[PDB]
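Cβ sites come from the backbone with ideal geometry, for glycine too, and all protein chains shown count toward neighbours. What follows draws every value from the coordinates through simple rules; no lab data is involved.
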Amino acid sequence: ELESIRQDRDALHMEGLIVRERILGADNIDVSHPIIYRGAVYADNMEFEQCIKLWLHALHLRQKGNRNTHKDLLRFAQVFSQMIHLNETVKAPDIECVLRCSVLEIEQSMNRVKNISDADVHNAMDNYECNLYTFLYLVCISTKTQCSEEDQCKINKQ
Amino acid sequence: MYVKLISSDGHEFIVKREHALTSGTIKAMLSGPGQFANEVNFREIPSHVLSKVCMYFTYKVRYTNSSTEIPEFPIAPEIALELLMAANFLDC
Amino acid sequence: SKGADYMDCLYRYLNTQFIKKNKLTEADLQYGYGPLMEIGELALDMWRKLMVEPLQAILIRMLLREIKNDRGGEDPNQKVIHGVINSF
């Protein structure tokens, strides 16, 4: 099989991740560097066809162990701004539902963290401030795009 | 097209029908088995308050949707509370 | 029917101030998430549950044959039938 495409560049590239997932395990560093980096160099000229497809799968199971997804949300907004700037509506009407479920599922955390932390530092407050700022831009993106009314029902329920 | 208004003290007042429909309660008292076929009897309102309550209607109806700058209603400090607890009842 | 709206006026204060202040919003009604109810519209939800639902066999059956008889030739009183259908 590999002899068939030893001269091809794409089959090795998207096969490496599948090979490494088998032995890496469920809970380890698997999507941190490679999944994001492969998606970035894809999307720089891809016209954003499957950059969301590649990026979303990481965050689907990233939530098992929860770290600071602060920066993990600042770059899902600029790209969405950029297709709409390039008059590209690749975003499927159900795409933003996942990222809006994620922001709500993280927002409640910093409240409890602040309650637990007697004094902490200013940055703990800053995370709480900035996450709402990031949510507002996503909301504006939702308003500008036109989608189905059932999608609006999902968005309003969220 | 004229409606009477009797106060608890006794003094009776009379004003136009259309000038006395700005309050929902006075409209409710005239709709039902109370078609009065009109004289509405208030059991807990003095006379001095009811005077200014009647005066307010003309002020409201006349200077509405008018470019001319509107003046100010003069209200004496002594009685100010009673107009409040009466406008609560009348919903004006 | 005329009983309810002649009583709704007598309870205007309750509807304005006490009720409608602790009830559910229209937004709460829609999209799920989120019962105190206004007098005069509460007397119309005790006519559905205890007068027509326990009786929605004979009312339908006597109608669906009177209409057939009218089709076959019959003079039923229009007002009586029309009121009953307009009730629903």
Seminar exercise, completed: Using alpha-carbon coordinates alone, the radius of gyration and Dmax of region A:14-87 in Å work out to 13.3, 42
Problem set entry | Residue-by-residue Karplus 3J(HN,Hα) for region B:56-73, coefficients 6.51, -1.76, 1.60, Hz, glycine and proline x | 5, 5, 5, 4, 5, 6, 6, 8, 9, 6, 10, 4, 3, 3, 8, x, 10, 6
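Can you put B:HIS48, A:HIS122 in order, fewest other beta carbons within 10 Å first? Mind dumping the intermediate values first?
Details: B:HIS48 16, A:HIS122 7.
Exposure proxy ranking, most exposed first: A:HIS122, B:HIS48.
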Exercise. Over all residues in B:25-36, what is the mean tally of Cβ atoms on other chains that come within 10 Å of each residue's Cβ?
Worked result: 2
Exercise. Taking springs between alpha-carbon atoms closer than 10 angstrom, which of A:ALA124, A:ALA40, A:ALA77 fluctuates most in the Gaussian network model of chain A?
Worked result: A:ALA124
Problem set entry | Longest to shortest principal axis, alpha-carbon extents of chain B, angstrom | 43, 31, 21
Problem set entry | Whole-number Å³ per residue for the convex hull built on Cα positions in region A:87-136 | 76
For this session: Arrange the following residues from fewest to most other Cβ atoms within 10 Å of their Cβ: A:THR143, A:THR89.
Result: A:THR143, A:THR89
For this session: Calculate the length of the line joining the C-alpha centroid of region A:69-123 to that of region B:70-91, in whole Å.
Result: 53
Exercise. For region A:13-158, what's the relative contact order in percent, using C-alpha pairs closer than 8 Å and at least 6 residues apart?
Worked result: 22
Exercise. Picking from A:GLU107, A:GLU49, A:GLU15, which is most flexible by a Gaussian network model of chain A using Cα springs under 10 Å?
Worked result: A:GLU15
For this session: Go through region C:19-25 residue by residue and turn each phi into a ³J(HN,Hα) via Karplus (6.51, -1.76, 1.60, θ = phi - 60°); whole Hz please, and just put x for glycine and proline.
Result: 6, 6, 9, 10, 8, 9, 7
Exercise. Anyone know which of A:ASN115, A:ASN127, A:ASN45 comes out most mobile in the 10 Å Cα GNM of chain A?
Worked result: A:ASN115
For this session: Give the Cα extents of region C:1-63 along the principal axes, in whole Å, largest first.
Result: 45, 34, 14
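Give the order of A:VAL19, A:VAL31, B:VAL15 when sorted by the count of other beta carbons within 10 angstrom, beginning with the fewest. Before the final figure, lay out each step's value.
Details: A:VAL19 10, A:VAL31 21, B:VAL15 16.
Ascending Cβ contact count within 10 Å gives the list A:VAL19, B:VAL15, A:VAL31.
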For this session: Nearest 5 is fine: what % of DSSP beta bridges in the protein assembly as shown come out antiparallel, could you say?
Result: 60
Problem set entry | When the convex hull of its Cα atoms is projected in every direction, mean area for region A:19-158 (nm²) | 10.0
Seminar exercise, completed: At 25 °C in a medium of viscosity 0.890 mPa s, the protein assembly as shown has a Stokes-Einstein diffusion coefficient, with Rh taken as the Kirkwood radius over alpha carbon pairs, in µm² per second, of 84
